Structure formats: structure tokens, C-alpha cells
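One structure is given here, and the rest of the page talks about it.
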Amino acid sequence: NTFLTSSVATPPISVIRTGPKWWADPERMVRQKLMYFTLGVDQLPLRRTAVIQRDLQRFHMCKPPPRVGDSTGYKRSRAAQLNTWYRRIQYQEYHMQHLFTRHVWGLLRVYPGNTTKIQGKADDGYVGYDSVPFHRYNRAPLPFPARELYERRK
Amino acid sequence: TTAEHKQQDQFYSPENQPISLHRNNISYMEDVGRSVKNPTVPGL
Amino acid sequence: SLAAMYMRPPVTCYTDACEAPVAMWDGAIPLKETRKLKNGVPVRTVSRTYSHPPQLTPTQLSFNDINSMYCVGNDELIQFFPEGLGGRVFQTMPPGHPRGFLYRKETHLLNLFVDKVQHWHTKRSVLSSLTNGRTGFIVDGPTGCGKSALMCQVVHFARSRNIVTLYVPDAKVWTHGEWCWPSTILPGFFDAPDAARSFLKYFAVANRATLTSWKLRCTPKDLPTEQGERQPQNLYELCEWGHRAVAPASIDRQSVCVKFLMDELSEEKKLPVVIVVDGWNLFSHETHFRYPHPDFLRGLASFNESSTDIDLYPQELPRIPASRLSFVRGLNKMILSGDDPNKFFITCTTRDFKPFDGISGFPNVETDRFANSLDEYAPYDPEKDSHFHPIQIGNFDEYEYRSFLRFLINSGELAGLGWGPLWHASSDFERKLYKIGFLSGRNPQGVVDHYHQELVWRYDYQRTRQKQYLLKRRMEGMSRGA
Amino acid sequence: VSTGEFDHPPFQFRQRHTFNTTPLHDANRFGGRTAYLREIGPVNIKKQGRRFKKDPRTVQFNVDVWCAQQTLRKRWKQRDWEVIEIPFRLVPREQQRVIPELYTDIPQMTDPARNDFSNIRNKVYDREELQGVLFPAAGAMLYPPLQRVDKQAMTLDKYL
Amino acid sequence: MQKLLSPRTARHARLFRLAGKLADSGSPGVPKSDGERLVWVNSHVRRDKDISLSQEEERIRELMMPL
Amino acid sequence: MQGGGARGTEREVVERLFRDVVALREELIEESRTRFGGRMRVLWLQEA
Ligand SMILES: Nc1nc2c(ncn2[C@@H]2O[C@H](COP(=O)(O)OP(=O)(O)OP(=O)(O)O)[C@@H](O)[C@H]2O)c(=O)[nH]1
Ligand SMILES: [Mg+2]
Numbered sequence: 010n011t012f013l014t015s016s017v018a019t020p021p022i023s024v025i026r027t028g029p030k031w032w033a034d035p036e037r038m039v040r041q042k043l044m045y046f047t048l049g050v051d052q053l054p055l056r057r058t059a060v061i062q063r064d065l066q067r068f069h070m071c072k073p074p075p076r077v078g079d080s081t082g083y084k085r086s087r088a089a090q091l092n093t094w095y096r097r098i099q100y101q102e103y104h105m106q107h108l109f110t111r112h113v114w115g116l117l118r119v120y121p122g123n124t125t126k127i128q129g130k131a132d133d134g135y136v137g138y139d140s141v142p143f144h145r146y147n148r149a150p151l152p153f154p155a156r157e158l159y160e161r162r163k
Numbered sequence: 243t244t245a246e247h248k249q250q251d252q253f254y255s256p257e258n259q260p261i262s263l264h265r266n267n268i269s270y271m272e273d274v275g276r277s278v279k280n281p282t283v284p285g286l
Numbered sequence: 009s010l011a012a013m014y015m016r017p018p019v020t021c022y023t024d025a026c027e028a029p030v031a032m033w034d035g036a037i038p039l040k041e042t043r044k045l046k047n048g049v050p051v052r053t054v055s056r057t058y059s060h061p062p063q064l065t066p067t068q069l070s071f072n073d074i075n076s077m078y079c080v081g082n083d084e085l086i087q088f089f090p091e092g093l094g095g096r097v098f099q100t101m102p103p104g105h106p107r108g109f110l111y112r113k114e115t116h117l118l119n120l121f122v123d124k125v126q127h128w129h130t131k132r133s134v135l136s137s138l139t140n141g142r143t144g145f146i147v148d149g150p151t152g153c154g155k156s157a158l159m160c161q162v163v164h165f166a167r168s169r170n171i172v173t174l175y176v177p178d179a180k181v182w183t184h185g186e187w188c189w190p191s192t193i194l195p196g197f198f199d200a201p202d203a204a205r206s207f208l209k210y211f212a213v214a215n216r217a218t219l220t221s222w223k224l225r226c227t228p229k230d231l232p233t234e235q236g237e238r239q240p241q242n243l244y245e246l247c248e249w250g251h252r253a254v255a256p257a258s259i260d261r262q263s264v265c266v267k268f269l270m271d272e273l274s275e276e277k278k279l280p281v282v283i284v285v286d287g288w289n290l291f292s293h294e295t296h297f298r299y300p301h302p303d304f305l306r307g308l309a310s311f312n313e314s315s316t317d318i319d320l321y322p323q324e325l326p327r328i329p330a331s332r333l334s335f336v337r338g339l340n341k342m343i344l345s346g347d348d349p350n351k352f353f354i355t356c357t358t359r360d361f362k363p364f365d366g367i368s369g370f371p372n373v374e375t376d377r378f379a380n381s382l383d384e385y386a387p388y389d390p391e392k393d394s395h396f397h398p399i400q401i402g403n404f405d406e407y408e409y410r411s412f413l414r415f416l417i418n419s420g421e422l423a424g425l426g427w428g429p430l431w432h433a434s435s436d437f438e439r440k441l442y443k444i445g446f447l448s449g450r451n452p453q454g455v456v457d458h459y460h461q462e463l464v465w466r467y468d469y470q471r472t473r474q475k476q477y478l479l480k481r482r483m484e485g486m487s488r489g490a
Numbered sequence: 024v025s026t027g028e029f030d031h032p033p034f035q036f037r038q039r040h041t042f043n044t045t046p047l048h049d050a051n052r053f054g055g056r057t058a059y060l061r062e063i064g065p066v067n068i069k070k071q072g073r074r075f076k077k078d079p080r081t082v083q084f085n086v087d088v089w090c091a092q093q094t095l096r097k098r099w100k101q102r103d104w105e106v107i108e109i110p111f112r113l114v115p116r117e118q119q120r121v122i123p124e125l126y127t128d129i130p131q132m133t134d135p136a137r138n139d140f141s142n143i144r145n146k147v148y149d150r151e152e153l154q155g156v157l158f159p160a161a162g163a164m165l166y167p168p169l170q171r172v173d174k175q176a177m178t179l180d181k182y183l
Numbered sequence: 001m002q003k004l005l006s007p008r009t010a011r012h013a014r015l016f017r018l019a020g021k022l023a024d025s026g027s028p029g030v031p032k033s034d035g036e037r038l039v040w041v042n043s044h045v046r047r048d049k050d051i052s053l054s055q056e057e058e059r060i061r062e063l064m065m066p067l
Numbered sequence: 584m585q586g587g588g589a590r591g592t593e594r595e596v597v598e599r600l601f602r603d604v605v606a607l608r609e610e611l612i613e614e615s616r617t618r619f620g621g622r623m624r625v626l627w628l629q630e631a
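Taken in order, these protein sequences are the chains called DY, CR, Cg, DV, CI and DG.
10 is the number of the first residue of the first sequence in the authors' numbering; add one for each residue after it.
243 is the number of the first residue of the second sequence in the authors' numbering; add one for each residue after it.
9 is the number of the first residue of the third sequence in the authors' numbering; add one for each residue after it.
24 is the number of the first residue of the fourth sequence in the authors' numbering; add one for each residue after it.
1 is the number of the first residue of the fifth sequence in the authors' numbering; add one for each residue after it.
584 is the number of the first residue of the sixth sequence in the authors' numbering; add one for each residue after it.
Here it is in C-alpha cells:
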């Protein structure tokens, strides 16, 4: 991993709201798929996501279907329910990506960006060479040189 | 039918058999169980 | 949907075990009811339309099998390839998946050739005419056709038939390496110590059977040894002695050991030896190492005035030619000297270089497909640049291409690695085949690549219009029932 | 037809390290050259900075020099050859003509009558065919002659 | 044991004869050699058996489609 | 020959057949690559 510096975390929903621009950008989604496939694990959530989003993109310039007014509000609530389903289908994916990426990085002897967990290796966030001399969230002092997660041979 | 009808009218259009003309349609359906009521914790 | 009726066709292979639960592949690979006759007119048996390609030993592959797909068992894969596989070959073979190989017509040619090498002394005239006097072949083509794969297959054919086989799975581990030491006992030559060590390791464990029978005609019987260790009497024993040591000792040991190993190989005239090198074209020009600036050799008082620039400015010194690598020296020695018709080089080319079109920006580091490619940008002609007989390889023709794609998709789905329950989202096989043809140009690496990318196709309308028609038909049926 | 970046990103609100976004002078752009352009830290505008490092035209010029180096570098790694200056007599039949200087005439075909159409400019000669010409002094040939492949010979690819 | 090279089915035989006839009219791109012609014929027959497979898998898929 | 146990069939007749069969097969193979514009080459490649 080349990008090492401390970062700003964005809530999952705003990441998903980027649609085609980032979250569903074809290019990105394909190399996620590559990671999964190479690990020998089906990519179902990715495929659900890709389906939902593919279709989002196809109809993205159309006006929504005409609404008739109801005291029930069954329509509004069914649209909502469907929507939060899709949101959750994608939360699951977003989680999977962060999960597997961290795990794979643990196998590749990769050091993550500052303040990032790698389950077996760095439990509290890993940090080295931050702009700030302490670990940001522990409030503990950082050693020089940067802490090493892996034994030396390569 | 008229050869004209079968030359010009035998294609998919918003008249004939349109693909959905509207936003926010159902992309993905599956057979699944229902989740618990209010699975989300109210927070912070 | 004939799912719960489905039993599983009992397991003989690694390959037959690669099948996932029915629930996963059910729509994707459709079931059918076949009525045969036992004890009652039928007894309904549910079979799947598709099954993984057969798992076939190299000796079972026949002329009749060309352009078909065959599988390699996982443990045969472990037996025959402890070095690794060719450059990208393993990208089609994740852990659950079956290990496929398209048996091409050139594959059959080299299979015949190797099967003759097995007893060469009888077939000497035949062989020599088949290469036209050169020592083996170099296979060349565009980036991403079957080259590295073809080499894999040759290693498989050779090692299954119990021939002694050097396999260098990627030449770039030598010539474009981690680091480069001057060799210990060969003045003026160089080593790639890491390449060399790993080689000495896997070579030994692959050929161990034959290499333990091999007695040393020339190696010193005095080799330096730690207390409680044994003087090697075999070629295997020697290779062992090469890589089993604590570093730094491994480094000088490996030099000595490679020199003597190659000296031993060139001295064996009766036992067929097949040398497979992937990316020979890296061995025929310079390595990316440069000779150390001479001021590293002369010792120094201050940088202040020695009349030395080594600290001020970087500069390029002439590259070290690969022929000055002690290993490559060994091989060249066997190629160029006549009176060695014991040895067969079946060797390969790699075009894996970074793209350069006349301007280069800086590569975006997030999106770069070429980050692990070489910097080369200089042309290579197998005719002028090697002593081997060149054989050319193209992209798949449609017969190959179809068999290969069918494999990637369907045996992928059977292994639970593909659309699965979502199968109705992707288009039918024919459409995928035609489209992936257009996108890939039928280049094999392109086919693999676009097969993955298919996940993202926007503009495919087939399943949409089909779904629509099936619906209309169901509703007319419901209006006729009414 | 390169995919690489040839343009420095425009100055805006401070970019931060995010999904989908990195800092402007981040170490990952232009192969880490951005070091040269970087003012580290929460820069105090009034008192501190180096003006040229925020200037669009200047910054872009620097980046353009760096790109030029990249291309030059790769064009030279691409050469396997030297230019030797050989007297008119001793040169192969194709160069016995007049050869307009670069960008002077239409890009020129080596030998249309013999069915070779290619830039004479970029035609490269083998050091082994020019041996007699380049090292006349040496007596015995220094490089051993190229061995060539019989394309009429029955070999593995002809299915015999 | 051994396999035979010569055409196995009546189908192979028929296509093999066709390929011969094409070779004798000297049309462009046709294999001159009998081995190549065999490989060609086998490969073709196999391709058509594949096409039939995909058509069957389609007819079956059509019934279990979601809507 | 070598599996029959050398129980005499007039073993020399067997070996005579062997040498003859071999001679004809060689002749036929090499002929298959040489003759008829080499059309039958792959017989030679396969079995030689
Ligand atoms: N099973 C099988 N797969 C193949 C065959 N040829 C190509 N492939 C697949 O397609 C990919 C083609 O990549 P390589 O074979 O590594 O390409 P290459 O010719 O070595 O090209 P460079 O190394 O880039 O010069 C391989 O990784 C295989 O997965 C083949 O003959 N049989
Ligand atoms: Mg390769």
C-alpha cells in the first residue's frame, strides 16, 4: 500500500450515494471482483450490488412513476421499504470490501493507511509516520522508526 | 397486416412494448425472510 | 425445479469434488430428467447438462482431443510444479476451482515431441529434423496468447513421463531481480542469489526421484560443511547442499552450487534433459543491473577531496549482460557447444512489458494494470536473438476460443464462483460468447479479463426483452384459462 | 494513447485523504515528484508559503518538464542501436539515395519497387551484416554470422 | 491401445470429405494437409455439439425464469 | 517372443514375422511423409 497517511472516514451511505462516480464505477467494481475470485470465494454481494446499480444507471434520466394520493400511504411505505432493502444490500457489500481488503493486506505484508485495523496483526489502529507524534486515538506516544507488523524476511 | 405496419411498427417503442419508462423500478427481487422490527439501534 | 431431486455423481477426482451445493448453481447450470430402464420403465434420475472437463494424464491426451479442455488434479499440480506456474497462468485456478488447460494443436505437437525425447537415442534423426539442427524451440507471439501456459503444459508432459526437467517459470526473477552479487568462484560473472536459491530448492524437490540416482562425475568431494552434515553423493544431495543453510552462508554456497550443478548437467550425455525457460528473451539481452561505479572498489578517505562524484550525481554505467550471469552462462555453454545432443530447450518469450506509445504521462497508482510489468520498450526478434528454432503462436481461433470460454463460465458456475442464483441477470452463453469475442479479439488473456469484466456490462438488453416476452405469454395463458 | 496523467490538478478547497480523494501534493502523484511542490502543514498564509508552489501556470510548467523527461527516457530505453557514420560507397543499396532531413519531406518509404514500404528513418541494420564494412582491420570476423531459419524446412510447426 | 485419427462418426466422415473437396478447388485459407483437415473436422463437430448444448440449456432455463 | 516363455513355435518364424512387419511398417511410415505431396505427414509424426 502506497497511501499511508491519516484519513477521513465517510459514513457508508454517503459513499454509496456516489453511484456510478465511485461506488459503482465499473473499473473499481471489477478489481474488487478480482480479489474475491482469486481468493476462491463467490462474489454474491458484489453481484447484487452490480445488478441494483446497473439498473439505477440505465433509468437515471427518467421521471419517477406518477403518484396517486392515498390515506393508507402503502405506496410510499413500499417504495421506502424497497429502498432501504437496497441500501442494506449495499452496506453488506461495502463491509465485505473493507473486510477482505484488510485481511488480504494482512497476508501480503502490506501496511495500511494510518489509524487502520488489521484483525490479526494491528488490533488498535496501525500507525507509523503521522504528522502528529502520538497515536491519534490511543493518545500513546509513537516509536521511531515506524512500528513493524511483520517478521523481517521477504 | 400491411407491409408498412410490419416495416415501421414492429419495433419496441414507448408505444408498442416499452422497457420501463420510469425511474425507481424494481431492479432486484429475491425470496427472503422478513427482518425484525426496528433492527437499527437509535444512536448518539 | 428438480433441485431437491438431485443427487451427486460420486467423486473420483479432485475435479469432481469442485462442485458447489445445488442451491448455488441450479439455474445457472440447468438440471434435466433422464429416463433410462431399470426394474421399471423409468426411475427418474436428475442429471446436470454440463460437467467439468475430464481429468486426463498427459499419456491419455490424444490427437482426437485437440481444441478440447482437460483438467489437472490438484495433487498432480503439486507434484509437477513446485516452482510455480508461468506468469499469469494461475489466475484461472483459485482454490475451489478445477484446474483447466486448453489442449491446443501446438500443445499436441510438443506432447509428441517430448514423448519422443523420452527415448531420444533411438529417435535422434527424427528429433534433429524436427528442430532442424537447433537445440529445441522458442515459442513467440503477442502479449497474452498461450505462451506461458504452453510452457506449463510442456513441464507437465515432461515430468509426468519422468524426464529430468529444469523449469524456470519466470525469467524475470533472474534478470530483473531483487539484487545482484558478483559470483564467488567464477571471476567476472554474477549471480541472482534469491532466484538461484529458490531454483535449487524446487528443482531438487521436483526431480528428486531421478536426481537421487544421479552420481557426481565432477564435483569436489571436499565441500565445506557444518558439523553433523553430509557430503553430497547425488545431484539431489548437491542441490540440497546449495539452499539449506542459514544466511549469509546460503549466498556463497549457492554460487558454488549453481556452477557445479550446470557443470554436472553438461557432463551427462545419456539421460534426456528438458530445459524449460519462460521468457528466454530476457536471458538473451542485458539484465537491469549495472556494473558498480569503480569508486566503490577503490576505498576512500573523505568525500571532500577524492575526486569522486558518487555522492553528488547519479549516473548510468553499462548494463550487465544476462550472459554474464553464472546460471545463464551454464545454459549458453550447453547451447553453443556442439556434442551435447542430450538436451532439449523448449523455451518461451514474454511480451509483458509496460505500454509505451510516444508519450507517457505518469501512471495513476490506484488504476494501473501494468505496475508489475517490466520496463523494456526494446524490440525482440526470436530469429536473430536466439539459437532456438522459432514457433509462432496466435490468438485463439473460434474453435479454441469457444471451448475455453465455455469452460471459464460454466465450470466457474459449477464451482460456486459465478452468477449462481442470480444467473438470470447475465445474458445467455451465445450472446456472452459473441460479445466477449468482439471485446477480446479472442486473445486468451483478453478473454479471461473480459470474462471477469462481464459483471459490469450496461448495454446488454437480452434478458430484459426475454423476461418481458415470458411475462406476456404467461398473462395470455392466464386469460385463456379464465 | 497513454492513460497516464499529464495535467496537474486545479487548486481548490483543501483535498484530504478520503475514499475517492487524495491530497493535492500527495506522494503518489507524478511518481513522488510532488515533493518538489509541497508546502507541508497548516500553512499560515500571512507569514508563510512559497508562492510558486500554489501558482497554476508555474506548477503546470514543472509537471510538463517532468512528463517530457518520462517520454524522453522511455524513447531512449527503446533504442537498441547507435548511429554510425558510414561513407556512401559502403552502405546498402537502399541508402544510396538522397534522404531528406527530418520533417523536411513526406515520411519516406525504403523501397516501394521491392515491396518494402517502411520508414527509412527507422530501419535498423544488423551489426553482423555490416561487419566487413565496420571492422575491416580485424581480419577474422569478430562477430560470428547470424544463423537463419529455413522456412522451407520440415519442422515441428509444419506438422512433420 | 491407441486412438484412431481417421473420422469416427458418419458426421465426421461427411465433413471430412467436404474439407477435401474445398482443398481441391484451392479456395483461400484451406489446410493443404490431411492432419490439419482432421483437426479441423473434429473441432467443427465439437463446436456444433456445443451449440446444441447451449440451446438445450436455454430451453430449460426458460421455464425456471423468475417472472 | 519375450512373454511366450520361449516354448518353441519355431520361434525363428515368429522373429521372421517380427522383422518383416517392422520392415514394412518403417517403409510405409517414411513413405507416408515422403509421397503424395506429404499430405499424410501426421502419420509419420504420430508413429515415427
Ligand atoms: N488452459 C489454458 N489457458 C490458457 C492457454 N493459453 C492462455 N491461457 C489463459 O490465458 C492467459 C494468457 O496468459 P499467458 O499465457 O501468461 O500470456 P503469454 O503468452 O505468456 O503473454 P506474455 O507473458 O504477456 O508475453 C493465461 O494466464 C491462461 O490463464 C492455454 O493454452 N490453455
Ligand atoms: Mg507469459
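Beta carbons are placed, not taken as given, at the ideal position from N, Cα and C, and that holds for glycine.
- By DSSP's assignment, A131 (chain DY) forms a beta bridge with DY:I127.
- Between ligand 2 and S368 (chain Cg), a heavy atom-to-CB distance of less than 7 Å is absent.
- The C-alpha of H293 (chain Cg) lies about 11 Å from the C-alpha of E384 (chain Cg).
- Annotation: the continuous beta strand (DSSP E) that includes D134 (chain DV) extends over 132–134.
- A direct Cα-Cα distance of roughly 17 Å separates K77 (chain DV) from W89 (chain DV).
- With fewer than three CB-CB distances shorter than 8 Å, the region 217–232 of chain Cg does not count as touching the region 321–333 of chain Cg.
- Here the alpha carbons of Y22 (chain Cg) and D51 (chain DY) stand approximately 19 Å from one another.
- Beta-carbon to beta-carbon, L382 (chain Cg) and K180 (chain Cg) are separated by about 6 Å, close enough to satisfy the 8 Å threshold.
- Taking a contact as a CB-CB distance under 8 Å, the pair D148 (chain Cg) and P390 (chain Cg) counts as one, their CB atoms being some 5 Å apart.
- Using a 10 angstroms sphere on the CB of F140 (chain DV), the tally of other CB atoms stays under 16, which defines it as exposed.
- In summary, the residues of the region 58–69 of chain DY whose CB is separated from some CB of chain Cg by less than 9 Å are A59, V60, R63, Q66, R67, in the order they occur in the chain.
- The residue among Cg:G489, Cg:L479, Cg:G485 with its C-alpha nearest the C-alpha of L67 (chain CI) is Cg:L479.
- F165 (chain Cg) is positioned such that its CB atom lies closer than 8 Å to that of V122 (chain Cg).
- Ranked by Cα distance from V54 (chain Cg), the options Cg:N340, Cg:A12, Cg:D24, Cg:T220 are led by Cg:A12.
- Distance between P66 (chain Cg) and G485 (chain Cg), taken at the CA atoms: about 55 Å.
- Residue pairing by DSSP puts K223 (chain Cg) in a beta bridge opposite Cg:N242.
- Sequence-distant partners of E408 (chain Cg) (beyond 5 residues in either direction) whose C-beta falls short of 7 Å from its own C-beta, in its chain, are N75, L110, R112.
- As computed with DSSP, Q63 (chain Cg) is found in a beta bridge with Cg:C79.
- Beta-bridge pairing by DSSP links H296 (chain Cg) to no other residue.
- With its beta carbon at least 8 Å from every one in chain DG, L158 (chain Cg) lies outside the interface.
- Membership of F353 (chain Cg) in the beta strand (DSSP E) is indicated by the continuous run 351–356.
- Using a C-beta cut-off of 8 Å, the region 132–147 of chain Cg makes contact with the region 342–362 of chain Cg, since at least three inter-stretch Cβ pairs fall below that distance.
- Contacts with chain Cg at 8 Å (Cβ-Cβ) include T47 (chain DY).
- At a cut-off of 8 Å, the C-beta of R56 (chain DY) has a neighbouring C-beta in chain Cg.
- Within the region 427–454 of chain Cg, those residues whose Cβ lies closer than 9 Å to any Cβ of chain CI are, in chain order, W431, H432, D436, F437, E438, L441.
- Restricting attention to DV:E124, DV:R116, DV:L125, DV:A163, the CA atom closest to the CA of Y148 (chain DV) is found in DV:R116.
- Your pair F335 (chain Cg) and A204 (chain Cg) checks out as a contact, with CB atoms roughly 6 Å apart and the cut at 8 Å.
- Closer than 7 Å to some heavy atom of ligand 1: that describes the Cβ of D360 (chain Cg).
- Runs of the alpha helix (DSSP H) spanning 4 or more residues and lying entirely within the region 129–207 of chain Cg occur at 155–168, 180–183, in chain order.
- Look at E275 (chain Cg) here: in three-state DSSP terms it is coil, with no helix or strand label.
- Rounded to whole angstroms, the Cβ separation of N242 (chain Cg) and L269 (chain Cg) is 12 Å, and the two are not in contact under 8 Å.
- Within its own chain, the residues whose Cβ lies closer than 8 Å to the Cβ of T316 (chain Cg), once the five positions on either side in sequence are excluded, are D303, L308, listed in chain order.
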